[PDB]
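1. Got an experimental structure here, sequence first:
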Amino acid sequence: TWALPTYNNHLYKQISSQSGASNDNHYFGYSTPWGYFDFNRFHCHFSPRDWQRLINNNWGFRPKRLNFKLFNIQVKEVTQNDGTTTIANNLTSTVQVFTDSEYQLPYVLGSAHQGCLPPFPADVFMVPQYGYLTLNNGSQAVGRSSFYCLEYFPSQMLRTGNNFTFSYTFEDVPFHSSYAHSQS
Amino acid sequence: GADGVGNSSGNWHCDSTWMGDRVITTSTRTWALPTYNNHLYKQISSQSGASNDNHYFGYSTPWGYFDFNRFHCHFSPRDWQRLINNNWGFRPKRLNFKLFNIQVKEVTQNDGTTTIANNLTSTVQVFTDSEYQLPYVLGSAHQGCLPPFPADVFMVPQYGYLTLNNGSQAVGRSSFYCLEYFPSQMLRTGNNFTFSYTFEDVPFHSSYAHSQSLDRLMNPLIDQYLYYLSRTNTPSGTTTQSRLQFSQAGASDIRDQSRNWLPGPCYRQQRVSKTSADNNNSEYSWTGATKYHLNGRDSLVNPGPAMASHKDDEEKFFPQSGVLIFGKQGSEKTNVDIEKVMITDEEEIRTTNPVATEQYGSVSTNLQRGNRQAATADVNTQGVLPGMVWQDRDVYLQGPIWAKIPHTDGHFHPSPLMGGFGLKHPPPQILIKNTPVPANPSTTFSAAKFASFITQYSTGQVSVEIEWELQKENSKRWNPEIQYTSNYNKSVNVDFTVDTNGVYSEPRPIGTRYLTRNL
Amino acid sequence: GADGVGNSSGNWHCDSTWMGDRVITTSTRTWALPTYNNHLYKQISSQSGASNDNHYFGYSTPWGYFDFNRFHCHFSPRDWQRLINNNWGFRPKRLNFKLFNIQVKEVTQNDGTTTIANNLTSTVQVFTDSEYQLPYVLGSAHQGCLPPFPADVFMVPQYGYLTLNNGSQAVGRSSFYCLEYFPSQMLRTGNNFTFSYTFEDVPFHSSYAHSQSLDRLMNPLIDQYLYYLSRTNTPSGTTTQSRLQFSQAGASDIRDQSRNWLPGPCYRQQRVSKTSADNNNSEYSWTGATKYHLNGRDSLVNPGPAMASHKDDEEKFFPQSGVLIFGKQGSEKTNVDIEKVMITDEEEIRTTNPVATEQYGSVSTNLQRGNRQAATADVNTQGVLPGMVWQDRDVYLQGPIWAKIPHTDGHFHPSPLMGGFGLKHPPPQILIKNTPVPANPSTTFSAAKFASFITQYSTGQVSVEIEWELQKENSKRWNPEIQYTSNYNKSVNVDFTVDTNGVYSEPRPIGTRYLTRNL
Amino acid sequence: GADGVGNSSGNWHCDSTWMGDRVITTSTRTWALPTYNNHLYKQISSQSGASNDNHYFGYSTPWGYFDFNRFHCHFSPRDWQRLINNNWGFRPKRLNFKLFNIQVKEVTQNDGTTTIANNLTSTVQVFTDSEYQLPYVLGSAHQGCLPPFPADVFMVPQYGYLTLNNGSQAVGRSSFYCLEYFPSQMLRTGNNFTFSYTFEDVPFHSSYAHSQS
């Protein structure tokens, strides 16, 4: 179960390294209002016991295909007037989702950031904010540096009572080796 | 489920129909489900210093559960009387379960007022394990039943369990179950839930009482052809000498006759009286109890084995724990007077099961000789022996219908000791919870567990229908039976009825054993 | 059999294959069979003066027999681990048996040298009773198994039996069986023998341990609706008076709650400690034993009924006979120190079976009154009562697989008391002998029994294949299980392996109970 | 196998044939197999004080093994010359293996003389793992090859292996293999053994030298 805030007040911003910094620490890039889902860690998929018919009983494993689904979407509006905050359904509001699948965007996943689906099924988590980096010189951009507007892709707009799905097939990959050697 | 917010997801069904052989009952109640434990699991255990008997370790969950396991849910006081007066036994066959008309409410407690409003898009999720993978709590006779009276509304009780401990500490073998880890079914307003279930074959419960005691099976008119040893010595001159005489047992000898059978087993109880003057002055409650000893701690046997409560013409005495006890209307939890409790009576089983407050019999302790004299001793505990018959404990009106037989390499006569029907695959536990709805997260990203949720609860109607199988009676008894009757004298309040303030109450326990059978 | 002296009658098969549900094992060993008793029967009996308990009467025969009945024959230490870690139970289904590559040798002991040579025309004869007409010796856990390690060679043990006696003398009912009086099959070099067998249906052995103790079955969060008697008296003024109060049992009362079940039966044992300082100084071995008395003589119950060995946090104590005990490598027959033996542990059954060194519980001995005070006594022996559940004893790695149920009018829960599978028609005894070859008779005729035979012995290979049925596990336990692990630290010798001199050894007993189940 | 004590279980084949594109070789040798370690397994390890480089831990077995892995077994000095002079490369494709004419002898060492005689009913058992479940010793260039010269007779070398150690001591992960625990085939006089094998695709060995640096 997830909760998605609005980030950056619905707008893009360029970000970069802060003033004086080591030449190693300079960066240049952008942050976006969009969020993203990350299931890439194992503990999302396997429970501690399910992990044990795997590692004790087997010499290797690999993924094959996966599914993804969203559902039971509901949007809430909030009123902060005075010292109290009232929250109420907005029934006609939308939430829009897409999957690039042509690998046209900078690919952030795989850098081992936070924002995973929790290891324990009863926890609730925010969706992390999306952003990226591009070629720089110091804290300044270079002519080759690229800027991507996520609004510029086809997406799917969802209200309460609309769901989203897609499925995916892993390319052939070698088994991971869960054995240890008995000979040096 | 089906259709809309405005369309209703089910009708109210509460009825009973009597077909002759197989009979059907139905009921519907209204429930309300809170959020428990702020949407999170917690381990619980015994509190600090406690007796070695009282230590425990376990978990409590946000999930609730439904319990229909008591009879009074299913049967009304009158429907209970086309059963117990008219029949020699009954058993369950199959049941249905349904939920419908679900609606979820959110509450705002600001200031001194609390506003409550519909949350139309919120969900409630339900599942039934049915593979018996969870710890099975039902059958321990807890509170939280569907009410006996159809117009009452009840909360759903919270779910939790216990596991192996050492003192207040866990052991490596101890298990932890996350209920989120099962497939369930998420329901909104205008969605309904159903499943159906079939009882495994089980013997009829015996609603008869015996018309013959096991000690008298035989014709008084005719003597036996067997001999028993009657006189051990005879007078010779001034003083007796040893001479063995034998006799055949007649109607004057009925004490001495040969028999093919023996009474059931006993595990003995302490006796107390309802008259306060006969009872000793001291605290013998825990010290004078009958107990069993398992893994270094002691537990009372509260029902214990099935045994008659009292002998003939003593109605004043009952076993210390040996009987079931029900509270009257509005009785409190602790330290309450005898006038508040209702004590059940186990009597009609006098004819087979021995009395709980006395020994099974006497047995010879030594070998006699010329200069030694025969010696015997009382046997206060007897296990089962070949050629031993008995009866089980009565179900009454309100009490356990069934229990789950533990999964083990061996067991003997699984009928459970509170009463009712032992089942290897009983009706599965139904579990229900409110789906958490988070509230207003911060603008910047943070990885932390949410402590803040919308405060909400849900309610709806539940329904249960069970099919029962009946066993009729062919009796050649000439004279009339004993029937369950309401007293016809005038009174301020009618039994099994609301009072002037509208609280339904049950005056007395009602068992199933009236009609008589020959042994 | 088939073919020639030069052709081989069978291949070596030792393997294990794992199919999922059903699983199959195979092994092959090499044996040598001496001639016993100089080709003749002899009666044997107890020797002169002996205790009345030690008298026996019977016969010894020239015949040998094969025993595969121990697990370690069939399963290797690693194959044992795709079983006990991964499964909730297993049982046998069907087996095969084969003999082949038989060769007979004659020996000449003249002077100080012994020459050995083939005798090609000699025979060896084999049969399997399969009608259960002989006394059934197997299942008494004798020596003479197929070795645990496939490269070892073993003798075949001699066959014999016992019969009713009075003292050291026979009784008219005593029976004498001549094994020559059965049809058998005579085999020479290049002849083979086979038969196959099918196990009768038997319950799976339980390789799970329980995650719930029988004393805790229920929800800690919710109170019961039943009442128990809590306080027996109340202070009135300066001194107490008799007043009966009642209570409902909660999580603080867990000692006092009502239950549907009781623990298994016990027959009590004496307790000793592995630390030599705690034990009394005297000889209590035979005097302090638990025994049964049959026909005027006394026998120890060595395994006894199945009961837990110790309570929580006492690992130092074990029942006197109540456990199985295995010797380490090369241990001797008599008067050997504790460091040489391996003592098994029965613990995981704490949750149902009571501890073997303590009483079952307490029971009320008397009727109270005003001037009498309640009295109780310990019950050290309990038979089976209705509503009683328990577990059986574990098989471990090396020990009895099966036993033959005696043929009798009645029996209760036939699972045998050492462990394993009770069978009414177990695998039949295989019997084998060397055919006598006479030597050089006199020229003139004489009627006398031959005292002179060629001295010879035989050898070959035997094979066994059993099919097993497995029961997989569906567990929703979130956290990890307990598994059987070898220690990863460095050591001089690897467990379950040859040493530098080539003697295979087994470090410790290994039971089947690791994976956990809910009660 | 087949037939009798008097019948022979196989002919002597040692030859080489040259077909052009592919080519085929054959050889036959005579062997003798002792009993090793008195029919029993033993663990072996490094001896007392030794350099940290020289420590080892392992096992020795009664079993023997055949090694044809050297070229000179297969090719004669002249057959080696229609290969290296005439060709730019060669690779193996498939092979056969056979045992036959097995006979077992028992010996009596009493006094100062030793008599040797046939034991006709004794067996010898053989297997090929082919699932690669055992430690694979071959390829370490040990002794015990089939001789280069066809008229020589050779013993079969003893089999053994090594496993993880710490110093001269074993580690919990160290493995122990019992060769009795495999299916094998028991052979007497007048029984024979065969199997055939197919090489996976492999590049030709380069027998050329370059004419340009």
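-> Perfect, thanks for sending it. Numbers count the residues shown, from 1 in each chain, chains lettered A, B, ... in the order given.
2. Is the residue nearest to residue A:99 when sequence neighbours are not counted part of a helix or strand, or is it coil?
-> Spatially, and ignoring its direct neighbours in sequence, residue A:99 is nearest to residue A:166 (5.7 Å; Cβ to Cβ, 6 or more residues apart in numbering or on different chains). The way it works is simple: take the backbone N, C-alpha and C, and place the C-beta from them, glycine included. At residue A:166 the chain is in strand, as set by DSSP: H, G, I helix; E, B strand; the rest coil.
3. For residue A:166, give its distance to chain B.
-> 21 Å (Cβ to the nearest Cβ, to the nearest Å).
4. got it, and residue A:131?
-> 10 Å.
5. Same question for residue A:98.
-> 21 Å.
6. Run a quick neighbour tally on the residue of chain A found nearest chain D.
-> Scanning chain A for proximity to chain D using Cβ to the nearest Cβ identifies residue A:182 as nearest, at 4.2 Å. Neighbours of residue A:182 under the rule other Cβ atoms under 10 Å in any protein chain shown: 16.
7. Leaving out sequence neighbours, find the closest residue to it.
-> Closest residue in space to residue A:182, ignoring its immediate chain neighbours: residue D:175 at 4.2 Å, by Cβ to Cβ, 6+ apart.
8. what is residue A:60 paired to in the beta sheet?
-> Beta bridges link residue A:60 to residue A:177, judged by DSSP bridges.
9. so it makes contact with residue A:178?
-> Yes. Here residue A:60 lies in contact with residue A:178, judged by Cβ atoms under 8 Å, at a distance of 5.4 Å.
10. Report the set of residues contacting both of these two.
-> When contacts are counted by Cβ atoms under 8 Å, 6 or more residues apart in numbering or on different chains, residue A:60 and residue A:178 have no shared neighbour.
11. what does the longest strand along chain A contact?
-> For chain A, the longest strand by residue count, based on DSSP state E, is strand A:28-35. Contacting residues not belonging to strand A:28-35 are listed as A:4, A:6-8, A:10-17, A:127-136, A:139-141, A:145, A:147-148, A:150 [Cβ under 8 Å, 6+ apart].
12. Okay, and which of the residues you listed map to strands?
-> A:13-16, A:129-134, A:136, A:140-141.
13. would you turn the residues you listed into a markdown table with neighbour count?
-> Converted to a markdown table, those look like this (neighbours: other Cβ atoms under 10 Å in any protein chain shown):
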| residue | neighbour count |
| --- | --- |
| A:13 | 13 |
| A:14 | 12 |
| A:15 | 12 |
| A:16 | 17 |
| A:129 | 18 |
| A:130 | 17 |
| A:131 | 18 |
| A:132 | 15 |
| A:133 | 14 |
| A:134 | 17 |
| A:136 | 16 |
| A:140 | 11 |
| A:141 | 17 |
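14. Let me see the contact set for the residue of chain A closest to chain D.
-> So residue A:182 contacts D:135, D:163, D:164, D:173, D:174, D:175 (Cβ under 8 Å, 6+ apart).
15. Just the buried positions in stretch A:31-49, please.
-> A:31, A:32, A:33, A:34, A:35, A:37, A:38, A:47, A:49 (16 or more other Cβ atoms under 10 Å in any protein chain shown).
16. Show me which residues of stretch A:134-150 are buried.
-> Those would be A:134, A:136, A:141, A:145, for stretch A:134-150 by 16+ other Cβ under 10 Å.
17. Which of those residues sits closest to chain C?
-> Nearest member of the buried residues of stretch A:134-150 to chain C, counting by Cβ to the nearest Cβ, is residue A:134, at 43.7 Å.
18. hang on, the earlier thing: need the contact list for the residue nearest to residue A:99.
-> The contact partners of residue A:166, taken as Cβ under 8 Å, 6+ apart, are A:67, A:68, A:99, A:101.
19. which of those count as buried?
-> Buried among the contacts of residue A:166 by 16+ other Cβ under 10 Å: none.
20. Can you list which of these are found in helices?
-> Using DSSP state H, no member of the contacts of residue A:166 sits in helices.
21. which ones among the residues you listed are found in strands?
-> A:67, A:68.
22. Just say helix, strand or coil for residue A:162.
-> Using three-state DSSP, the structure places residue A:162 in coil.
23. pretty sure it contacts residue A:75?
-> No. The pair residue A:162 / residue A:75 is not scored as a contact, 11.5 Å apart, by Cβ under 8 Å.
24. Now the residue of chain A closest to chain D: phi and psi?
-> Residue A:182 adopts backbone torsions of phi -100, psi 0, taken as degrees, to the nearest 10.
25. Residue A:50 now?
-> phi -60, psi -30.
26. That one: how many residues sit nearby?
-> Every residue meeting other Cβ under 10 Å relative to residue A:50 is counted, giving 11.
27. Please apply the same query to residue A:24.
-> Residues near residue A:24, counting by other Cβ under 10 Å: 6.
28. swap in residue A:94?
-> 13.
29. Who are the contact partners of it?
-> A:75, A:157, A:158, A:159.
30. Pull the most distant pair out of those.
-> Largest separation among the contacts of residue A:94 by Cβ to Cβ: A:75 and A:157, giving 11.9 Å.
31. ok, those two, which is more surrounded?
-> residue A:75 (16 against 10).
32. before we move on, what SS does residue A:51 have?
-> Per three-state DSSP, residue A:51 ends up helix.
33. Before I go, just wanted to say thanks for your time.
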